[PDB]
Amino acid sequence: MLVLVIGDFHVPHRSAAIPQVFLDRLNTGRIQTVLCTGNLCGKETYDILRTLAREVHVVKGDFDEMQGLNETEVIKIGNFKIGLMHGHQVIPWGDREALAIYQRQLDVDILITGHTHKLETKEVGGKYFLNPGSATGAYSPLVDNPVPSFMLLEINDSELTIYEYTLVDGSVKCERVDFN
Ligand SMILES: [Zn+2]
Ligand SMILES: [Zn+2]
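Per the deposited record, determination of this structure is attributed to X-ray crystallography, with the resolution reported as 2.85 Å.

Caption draft 1: Structural context of the coordination of the zinc ion (ligand 2). At the metal site, the zinc ion (ligand 2) is ligated by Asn 39 (OD1), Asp 62 (OD) and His 115 (ND1), and these contacts range over 2.3 to 2.4 Å. Here the donor residues of the zinc ion (ligand 2) are spaced in sequence according to N-x22-D-x52-H. In this model, the zinc ion (ligand 2) sits 2.5 Å from the zinc ion (ligand 1). Here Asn 39 is found in the loop between β2 (33–36) and α2 (48–52), whereas its partner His 115 is found in the loop between β6 (110–112) and β7 (122–123), with 76 residues between them in sequence. Of the two residues, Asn 39 and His 115, neither departs from the other in class, the shared state being buried.

Caption draft 2: Fine view of the UniProt feature "binding site: Zn(2+) 2" (unreviewed entry) in the protein chain. Residues annotated by UniProt as "binding site: Zn(2+) 2" (unreviewed entry) correspond here to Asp 8 and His 117. Across 110 residues of sequence, these annotated residues stay compact in space, with a maximum C-alpha separation of 6.9 Å. Topologically, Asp 8 is positioned in the loop between β1 (2–6) and α1 (20–27). Once residues within four sequence positions are removed from consideration, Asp 8 is found in contact with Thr 37, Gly 38, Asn 39, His 86, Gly 114, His 115, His 117, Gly 133, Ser 134, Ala 135 and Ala 138. Position of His 117 relative to the elements: it lies in the loop between β6 and β7.

Procedures and definitions
- Residues numbered from 1 in each chain as written, not as in the entry; some residues may be left out.
- Chains lettered and ligands numbered in written order.
- Heavy atoms only, no water.
- Residues with missing side-chain atoms left out of burial classes, pairs and counts.
- Donors = N, O, S within 2.8 Å, 3.2 Å for Na, K, Ca; no water.
- Helix = DSSP H or I, 4+ residues; strand = E, 2+ residues; numbered from the N terminus.
- Buried < 20%, exposed > 50% of the residue type's maximum accessible area, 1.4 Å probe, protein only.
- UniProt positions renumbered as here; feature names shortened; annotations may be inferred.
- Contact = heavy atoms within 4.5 Å.

Next comes the structure, spelled out in C-alpha cells:
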C-alpha cells in the first residue's frame, strides 16, 4: 500500500512550474491513493494526481481557492490511522507541542503537516510527523532557498516505509526509512 504525500507548491501570485522527474517516475509508480496537504496551483494540478492515483485526498490551506473541500480529514490505510491537514491553522506553525496536542486530539498515529516547506519527519511516542516540503520549492517566509520535495510511504499493515525524494541541485535523492 504505497501512497504519495506532496503539496504546498504555491503561494499568492508567484511563479512556479511542475517537475516531470517526479511525474515521470511517479506516473508509472502504481499508486493506489494520494495524500495532499493542499495549496494547489489550481484545477491544473489537482487532476495531475488523478493520473497518479484513482483516489486523491485533498484539504484546504492558506491560499486554496477551490470548493467542495474539507480543511481536515482522517484516513485508515492498513492498520494505520493518519490525520491530514495543511497546518495553516496550527499556531504557532511547526511548534513541536502544537502538533502533539493536535495528534492526541485527532487520535491518529501519523499527522501530515504543510506550510513549513520542509521535509521534517520526526517520530516521538511511536507517533510519526511527515511534512512533504514544498513540492516545487515554493517561496515562503520560512524558506528562501527551498528544494522541491515529496515523500512516498508504503504501509504493509503495521510496517511502514518512507521514501524522502528531493531534487537537489539537479540530482534526485532518496532517503528511505524503515518503520514497523
Ligand atoms: Zn505552502
Ligand atoms: Zn502554504
